[PDB]
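J.: So I pulled this structure from the PDB, and the sequence comes with it:
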Amino acid sequence: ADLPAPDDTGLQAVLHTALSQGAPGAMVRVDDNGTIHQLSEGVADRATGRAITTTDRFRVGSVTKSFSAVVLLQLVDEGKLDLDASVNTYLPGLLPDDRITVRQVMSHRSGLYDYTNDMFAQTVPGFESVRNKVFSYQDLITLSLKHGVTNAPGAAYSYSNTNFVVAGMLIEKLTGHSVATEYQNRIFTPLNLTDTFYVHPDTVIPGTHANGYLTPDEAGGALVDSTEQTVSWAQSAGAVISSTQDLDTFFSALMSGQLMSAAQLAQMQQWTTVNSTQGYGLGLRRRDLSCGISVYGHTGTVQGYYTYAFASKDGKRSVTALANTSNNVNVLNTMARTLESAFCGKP
């Protein structure tokens, strides 16, 4: 159908509120069927004072899961992967249970324990512990495997980064290439995403970027600059770098059917219930807005960056919002409101 007009005054209010709650800077870009809405408030670097802008590059965190899912779904289109085959069929001896399938891994129904629960029990100390470390995919899987599974295979939704570390391992095993090459050839290049990179384990963000500021667990604590890290603890689960325009392009292309067959795009949208207003398909989230429309995309949290990248069912309207802080739930909940303003419009 047709959407209400985006509410720029509402978006402006959301950004201003995020700043009052602790975000150094916040921005949002809406690509509304060819008409751009772009707003930003605050600083990209709180020490030097440089203002944040919608062209600043940033770490997308978990949104990386959708890029991984797209590559895997293309491998299904090519006949190289079967979603219902066991993970152990492709990676022998990896998982303790042969019944855990690729589909379950992609929709977070595998029961694999999330190793980040151990890594980041304490926010800043955990970040300091892993920021300069380089892990192999096996290293992370092993960390997960020290714990038992949380549920029977396919039995329930339980978000776990381990699932997309397994995804990265699958892509590399099946294609014989690194995940960086696969993202480049299958997505970045075709869509011409010039602000999008996967540089793991490099710690530098190429070009003009917003710095990320990690909020400490203790109320009132000083912010920690968490911009430069290897993100090796996430890799195919969260190390992509992009911009508001590139993520809008990517989700619009995805929902309009340009990245895989119609059959695989329907598979990706087979929703597993997360809560009363959300669903998870295969590396894709569905959020149900107040005005009765659902949007599709992914959220991302990586140290110092909160990202919301969602598009309408047909991809005609896409929105990417970013606040350069993390471990601040107020900012997190506030930033979600950009979706309401951008898609539902003025109240």
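T.: On my side now, so go ahead. Residues are numbered from 1 along each chain as shown.
J.: Show me the strands in the stretch 51-200 of the chain, by range?
T.: For the stretch 51-200 of the chain, the strands defined by DSSP state E, counting those that start in this stretch cover 58-59.
J.: swap in the stretch 201-347 of the chain?
T.: 213-214, 224-225, 241-242, 272-275, 278-280, 285-288, 294-302, 305-311, 317-323, 325-326.
J.: surely residue 327 meets residue 218?
T.: No: proximity of residue 327 to residue 218 does not meet the contact threshold set by CB atoms under 8 Å, at 10.6 Å. Just so you know, the C-beta spots here come from the backbone N, C-alpha and C atoms, and that holds for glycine as well.
J.: out of the two, which sits in the more crowded spot?
T.: residue 327 (23 against 9; other CB atoms under 10 Å).
J.: which residues sit against stretch 137-150?
T.: Residues from elsewhere that reach stretch 137-150 (CB atoms under 8 Å, 6 or more residues apart in numbering): 94-97, 110-115, 118-119, 158, 160-162, 165-166, 168-169, 172, 233, 235-236.
J.: Please state the offset of it from the chain centre?
T.: 21 Å (CA atoms, centre = their mean, to the nearest Å).
J.: Let's see that stretch as PDB, backbone CA atoms only.
T.: Taking Å, rounded to 0.1, in the frame of the first residue of the first chain, the C-alpha atoms of stretch 137-150 are listed here in PDB:
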ATOM      1  CA  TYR A 137      35.700 -19.000  14.200                       C
ATOM      2  CA  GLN A 138      36.600 -22.200  16.000                       C
ATOM      3  CA  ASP A 139      37.800 -20.300  19.100                       C
ATOM      4  CA  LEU A 140      34.300 -18.700  19.500                       C
ATOM      5  CA  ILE A 141      32.400 -21.900  18.900                       C
ATOM      6  CA  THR A 142      34.500 -23.700  21.500                       C
ATOM      7  CA  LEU A 143      33.700 -20.900  24.000                       C
ATOM      8  CA  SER A 144      30.000 -21.500  23.300                       C
ATOM      9  CA  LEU A 145      30.400 -25.300  23.600                       C
ATOM     10  CA  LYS A 146      31.800 -25.100  27.100                       C
ATOM     11  CA  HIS A 147      28.200 -24.500  28.000                       C
ATOM     12  CA  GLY A 148      25.400 -26.900  27.200                       C
ATOM     13  CA  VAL A 149      22.700 -26.100  24.700                       C
ATOM     14  CA  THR A 150      19.800 -24.000  26.100                       C
END
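J.: which parts of it are buried?
T.: For stretch 137-150, burial by neighbour count (16 or more other CB atoms under 10 Å) applies to 137, 140, 141, 143, 144, 145, 149.
J.: Return the member of these nearest to residue 254.
T.: The nearest member of the buried residues of stretch 137-150 to residue 254, counting by CB to CB, is residue 137 at 24.6 Å.
J.: Please pick the buried ones from the contacts of stretch 137-150.
T.: Applying 16+ other CB under 10 Å to the contacts of stretch 137-150, the neighbour count classes 94-95, 110-115, 119, 158, 160-162, 165-166, 168-169, 172, 233, 235-236 as buried.
J.: I'd like to know which of those residues are part of helices.
T.: 119, 161, 162, 165, 166, 168, 169, 172 (DSSP state H).
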